[PDB]
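Chemist:
Residue numbers (PDB author numbering), protein chains in the order written: chain A, 348 to 432; chain J, 2 to 240; chain L, 3 to 239; chain I, 2 to 255; chain S, 30 to 241; chain P, 2 to 205; chain R, 60 to 258; chain K, 9 to 125, 132 to 241; chain Q, 1 to 197.
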């Protein structure tokens with residue numbers, strides 16, 4: 348959890364996120380995830396904001412990004428195999 | 002005596018095979034279910050019924066008892082198995098206790114069966130989701146949704162199948178006491194929810210309804226067409 | 003390695019069963035316990051661990067009968083199943099023959115039982131090691147049972163994580179054993195546990211369990227404040 | 002944990018049952034069979050893959066079996082699995098008759114066999130029955146009925162349908178030129194003949210390459226009769242005459 | 030072949046505010062043969078519970094051993110001793126387990142309840158029980174219980190104080206009733222063993238009795 | 002007696018290429034009568050009938066079991082059951098549960114489907130298949146039926162004569178049986194006809 | 060043994076004697092013939108005391124399991140059907156049960172009679188035991204649906220008093236319980252000698 | 009690896025631990041034990057407004073003196089709850105007394121590794143049995159491994175780590191049940207994915223006295239107003 | 001013991017049964033209902049050994065209802081009667097035989113009314129009129145004397161009545177209340193009980 352929160356912070360350092368971040372909530376919401384998953388979550392939050400034509404990415408955008416990158420793409424994940432490997 | 006662990010945890014704590022069962026569900030025709038004041042409506046997408054196919058033998062809506070009905074979404078064979086087992090259990094309940102089953106009771110039984118199959122040896126999960134709509138002896142509409150993993154919840158409006166997400170968001174919006182005051186209005190809501198995903202209405206739609214403790218009644222295609230026509234009238238009036 | 007370590011029925015090319023080795027590793031990862039015997043007594047001393055500091059330390063000393071107790075290290079559920087087996091066997095022996103079950107035979111029964119799920123496909127070794135401290139007509143007894151189903155009759159022994167330091171201490175002080183009072187025996191066990199402990203930590207009432215059996219003394223488990231008298235006399239490293 | 006298991010009854014990354022669908026496509030490779038409903042009776046035609054010259058004719062049928070007094074079925078897929086399934090169908094029908102003292106309804110028998118099919122697709126490690134059935138029957142509830150059941154354990158009631166080789170083309174043709182509240186047995190036989198022609202274009206529908214079975218009602222009894230070579234030849238000749246007439250009309254118009 | 034033989038034996042239980050008396054005649058007959066004059070029928074189940082078993086001696090022995098095994102099992106499972114009420118319920122279930130081949134044994138559990146006062150439970154061979162103030166089982170039940178009703182229960186007496194029975198008075202009554210039982214009944218004699226359960230512990234006293 | 006519980010009387014005989022099977026019609030339990038139209042001659046084919054007699058419950062149970070087995074047989078073998086094969090099947094069915102039997106005594110009467118040769122046989126409750134050329138009787142009043150059949154039947158005889166003989170024999174036998182009768186159903190099986198008749202009887 | 064029960068528009072009143080007799084000898088005068096299945100159900104004892112107690116205890120267990128499993132109380136008819144099924148399972152093996160199951164449910168006061176041979180039957184005035192006939196007589200001549208609470212108390216008490224007076228195997232106390240919507244309450248347990256003196 | 013009963017080279021059943029991974033995916037339940045009783049507050053993850061919140065049953069009544077808060081997979085939870093209820097009722101029937109919380113927890117846990125090739135996989139549910147017995151209020155935590163331990167305050171679920179850190183920061187042995195509920199709701203609100211609205215949480219209490227009681231909407235609203 | 005009677009007509013299958021349940025020398029129920037509604041147009045009257053009647057009747061009832069729910073059909077009277085006979089015959093020579101005597105009345109759209117008799121030994125008998133019990137001995141004589149196939153509804157009701165007064169006059173058991181029903185095209189209709197206070 349701490350590592351995922353730190354990775355979220357690292358990847359959202361330079362973003363245009365809004366006031367309240369709750370990256371700890373994001374980290375607990377996306378467990379057993381990789382830094383690649385986390386960077387994709389941050390990127391998808393940014394793209395949701397861009398698609399909405401906003402200049403600020405919000406917690407709702409980040410939750411949508413988590414739903415897209417962690418849940419919807421859960422079937423393409425490599426961790427379930429490469430953790431055994 | 003196969004005795005093989007079919008469903009097991011993945012390294013990240015997921016039951017991938019019940020997840021695959023849920024995918025089998027999501028690739029099934031949409032089934033919408035709503036409950037109103039004194040009526041529970043249950044529509045389903047006919048999903049390309051051929052001119053040569055007897056529509057009686059396609060039964061995505063089945064009555065488990067006089068006060069409980071079940072809309073299906075998934076693999077039809079598992080549909081039949083679960084429906085038959087639920088009917089047997091409902092008759093057994095009528096035996097043991099001299100009361101008709103409760104929708105909650107039957108939903109709990111279906112969920113228990115699904116869990117047994119998800120963690121029994123040599124048995125793959127029931128790749129189906131079910132919408133149990135009915136009335137209890139006290140005369141209260143009830144709607145439950147059961148997933149392949151044995152999780153069952155009580156809802157005000159579901160849509161399970163291909164257009165599950167879109168229909169669920171549509172129902173989340175424009176679903177209110179004013180919209181469910183009357184039986185006709187509830188049927189309108191269900192038909193609009195179905196139309197939101199089924200490209201052509203009327204043909205690709207099958208409605209069943211249950212009034213308060215009277216019976217299950219399947220709306221005929223002419224009635225469905227009439228409802229769709231007046232829905233179109235209301236839409237064009239708005240626009 | 004990878005193809006010879008999935009089943010207990012697969013022999014490695016080196017004549018080894020990696021699943022048995024892995025169960026033994028589970029026992030090693032289990033917490034530390036030291037059993038040790040004297041002329042007329044047998045003492046198990048277990049260093050309980052707290053999963054969370056709000057959580058009570060997991061108990062490790064279990065009754066098996068009026069003359070037998072076990073200190074468990076490894077999978078707690080398997081430990082409990084073996085404990086049930088020993089309890090049932092002791093009750094059966096006391097039912098058929100109005101006598102306590104000899105420990106030398108109880109351990110043999112455990113060995114046979116734990117070996118049975120080691121030849122068969124799809125079954126696993128009991129991931130738990132036991133220090134069985136008992137007393138019978140032939141004096142006290144300390145036994146060490148392991149998931150391989152091989153059991154040793156030990157003058158003194160230590161199992162669990164960092165148990166090798168306790169093993170060294172017991173090797174040093176076997177001579178002192180067998181000729182010391184019960185208090186000195188318990189002190190030796192506590193010293194072995196302290197040796198296993200890291201230099202930062204030390205024994206305390208919340209941390210230590212002490213099972214004691216011997217002549218004219220049914221197996222008694224001391225934990226919490228009941229352990230304080232044995233720690234009072236204990237000195238500092 | 003077996004290395005040889007092959008995991009027959011598992012799901013796939015997508016909820017798609019590989020063994021069941023491999024059985025489906027085995028059905029597709031198998032010989033063609035089709036059935037047509039009609040107000041006066043039901044019929045069932047079937048291509049024959051036993052057209053070898055040294056092959057004797059000892060039974061009354063090879064693709065078509067009788068389940069009880071007023072019900073027959075036709076099998077596509079694997080012959081041995083089909084034989085066991087037909088034996089089980091007969092057992093189910095006769096058990097229902099012993100229990101209720103009346104013939105088993107067609108939908109009930111189809112549901113029972115499909116329950117067995119689903120049991121094989123969900124339980125155990127045994128491969129599914131790579132057999133698709135076309136049932137034609139009569140009962141006092143809905144009269145003449147036609148059902149089609151697949152290896153997955155799914156059955157549907159049809160007015161006209163086809164399984165096996167080129168079944169998609171056959172069903173498309175039937176959809177194009179099948180009339181719902183019409184088409185008595187005469188026109189149903191003609192339609193089956195033309196469908197079999199355009200489904201087995203490779204061969205010009207020799208009377209020995211197909212088998213037709215007709216179920217009808219007479220004086221309260223149900224009669225299931227396999228059309229003789231004479232009648233099949235008459236039907237083929239009539240279709241050839243009609244096709245030649247249609248071609249002549251089209252050419253004359255052009 | 031009859032699987033039951035009535036070995037004789039009289040047991041008695043007297044409850045109290047702080048004590049429970051369980052007496053039994055050491056005699057153990059075989060119809061007309063005395064066999065052992067020792068081997069009483071009182072068994073010390075726990076520090077606060079004694080059980081008297083009369084009737085067929087093989088069933089008595091097996092049932093007592095089953096009780097002890099179940100008590101040890103409960104102690105191991107629940108890390109706690111077994112109360113008198115729990116023992117009574119468990120033994121009722123045990124007796125009813127063999128409903129269709131009953132333990133031909135009358136049981137009387139005398140002990141201390143969780144509150145610390147006397148408690149007596151009387152069983153039948155099939156497993157029907159009820160808490161009682163006193164009860165006699167075995168061959169001389171009819172010859173003992175009415176006198177307990179007269180004295181301990183203060184029944185059929187008018188203008189009589191209902192003073193609670195003391196330990197000494199109860200022991201005197203048990204001894205007197207058992208002298209009378211040995212005097213009249215033939216299955217009672219040899220000696221009398223009395224187990225007194227009290228907060229301090231359990232005391233055993235043996236008293237001589239008619240040998241014939 | 003177990004057979005006397007419900008009575009019953011069924012027999013059969015043969016002539017020129019034609020057989021007859023006759024049975025009583027009554028279901029009464031003990032003395033009391035219940036119905037006078039109880040069926041106990043079941044058709045196991047086009048020209049093959051079985052006349053189970055005895056306890057009514059066993060009569061219907063054996064008829065239904067036999068029809069189940071015979072339908073399985075005829076569907077698995079595109080063919081009509083031969084009378085001898087039916088006799089073997091019924092013997093196997095009865096003997097399959099010696100230790101607790103069906104308390105019925107079948108009598109099979111039919112014509113060979115190919116050569117149309119008359120056939121008659123009877124089995125006991127245990128499955129003793131006896132095939133004769135003159136008679137078969139079963140149920141109560143087997144003794145009166147034997148007497149009448151022996152003292153009234155002429156060999157090598159024609160359909161009408163056979164119907165008259167079997168009718169007279171059954172009528173007199175049931176009339177002297179009492180515990181059976183109250184209507185006699187007679188089936189005459191020929192090469193090309195089945196003639197069923199419901200002759201008179203003392204309804205008492 | 061004598062016990063009775065009846066519904067009287069305010070609840071189900073159930074009364075019973077207290078005497079377990081072993082042949083011509085009475086084991087105790089203080090038997091609890093009306094055993095409390097749970098706060099909403101009273102089961103009466105007649106015939107085999109051990110069978111009644113054990114099986115109605117098992118029914119109490121099953122009813123508590125049912126109440127936990129479904130967040131709802133078990134109907135009196137449901138409990139009676141459960142008991143009937145359990146006893147009928149061991150039909151003809153020796154059980155000598157006789158029971159009235161009384162309670163309150165959504166269908167008003169509920170009273171059912173069951174026994175070893177699955178005689179699950181509803182009713183309004185039932186009596187079981189050796190003195191059942193005398194209890195029937197007195198209770199029938201003194202019973203009405205529109206009966207006051209105290210009148211029903213007196214009726215049950217005196218009917219069982221007459222049952223003890225006539226039947227020899229049906230003496231002891233007059234244990235009386237009232238089953239109302241709130242549950243049940245033991246109204247009184249007075250001896251028979253004092254009742255005789257009162258009368 | 010292949011098989012449900014294979015040990016890892018480090019000493020690891022692979023299936024108990026994949027079950028632990030599954031637990032880390034569930035809602036956050038927090039149980040506290042105090043001298044005045046045991047509190048159980050569990051997040052109730054409502055995914056849509058159309059889901060009847062009252063139908064999410066994560067706090068259940070094992071008996072009148074024991075409740076259970078489940079996290080992980082609710083259907084496996086339900087199976088274990090049914091087993092626990094049956095065991096408690098069996099113990100009452102046999103002994104005419106109440107299961108101790110320790111006894112019922114161990115009876116349930118002895119069913120946790122009974123799988124092989132019966133159950134085919136471990137139960138992916140973590141349970142908090144909060145009850146009151148002879149020795150006062152006791153809270154026991156059980157995990158798919160079958161190892162049960164009684165904790166002064168435990169937090170299972172997705173937010174287990176942060177919830178238990180906060181439980182350390184706040185909890186003290188000499189606290190009242192009211193303040194235990196207060197702190198549990200504060201922690202649950204802090205780790206909540208959405209706003210705490212009194213319809214998306216279940217709260218229950220077992221006291222040395224009144225039976226296991228599930229707080230109604232009114233009491234939940236009062237406490238939530240207080241926070 | 002108890003009594004059942006059934007009179008079939010051209011289009012109705014009227015039935016009646018006693019309303020007395022007794023143990024020993026005393027009757028403890030005066031309104032006992034011995035009618036089991038198998039379906040909308042099938043009624044079952046069960047008598048015999050205590051408990052066995054209820055168990056078997058309820059099992060048959062729920063199996064018939066399960067058939068209805070599974071198929072959408074409704075078992076015909078003949079099919080239901082044959083199912084009941086098969087079940088009773090299978091249970092006959094088993095460890096748990098049902099000692100139940102049955103009257104399965106019913107109405108079929110095609111076949112019409114149907115009355116069946118069957119004793120504890122599974123033996124069907126389709127009859128125009130039937131009766132079970134020691135009172136059957138007295139009542140069947142009147143039924144056979146006064147019954148005609150073309151008997152009307154009112155005439156059949158009156159025949160059943162006078163039959164019940166004869167049962168009161170002769171039969172010793174106290175049978176004052178009889179429950180009466182008719183299964184016809186419009187389902188099952190409950191008539192006023194034929195009481196003799």
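Just so it is clear, CB atoms sit at the ideal spot from N, CA and C, and this is done for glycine as well.
(1) Return the residues of the segment 151-172 of chain R that lie within a Cβ-Cβ distance of less than 7 Å from chain S, sorted by chain order.
(2) With DSSP collapsed to three states, give me the class of residue 124(J).
(3) On the criterion of 16 or more Cβ atoms from any shown chain inside 10 Å, does residue 101(L) qualify as buried, or is it exposed?
(4) Go to residue 231(J), then tell me how far its alpha helix (DSSP H) extends in each direction, as first and last residue.
(5) Work out the CA separation of residue 55(K) and residue 173(J) for me, nearest whole Å.
(6) Buried or exposed: where does residue 375(A) fall if 16 or more other Cβ atoms within 10 Å of its Cβ makes it buried?
(7) Is residue 97(I) helix, strand or coil when you go by DSSP?
(8) So which residues on chain S does residue 109(R) lean against when the C-beta distance must stay under 7 Å?
(9) Pull up the distance between the alpha-carbon of residue 82(R) and that of residue 189(S), whole angstroms please.
(10) Check the Cβ-Cβ distances between residue 156(I) and every residue of chain Q, and say whether any is below 8 Å.
(11) Would a check of beta-carbon distances place residue 414(A) closer than 8 Å to chain J?
(12) Can you tell me which of the three DSSP states residue 139(R) falls into?
(13) Between residue 79(I) and the rest of its own chain, which residues show a CB-CB distance below 8 Å, the 5 nearest in sequence each way excluded?
(14) Which residue wins for smallest C-alpha separation from residue 64(J), given the options 118(J), 125(J) and 211(J)?
(15) Tell me the rounded alpha-carbon separation between residue 26(Q) and residue 121(Q).
(16) Please determine whether the Cβ atom of residue 122(I) lies at a distance below 7 Å from any heavy atom of the ligand ZN.
(17) Ends of the beta strand (DSSP E) at residue 119(P)?
Modeler: By the coordinates alone:
(1) 152 and 153
(2) strand
(3) exposed
(4) 222-239
(5) 11 Å
(6) buried
(7) helix
(8) 125, 153, 155, 156 and 157
(9) 32 Å
(10) no
(11) no
(12) helix
(13) 27, 31, 130, 131 and 132
(14) 211(J)
(15) 28 Å
(16) Ligands are entirely absent from the displayed structure, and the ligand ZN is therefore not among its contents.
(17) 119-123
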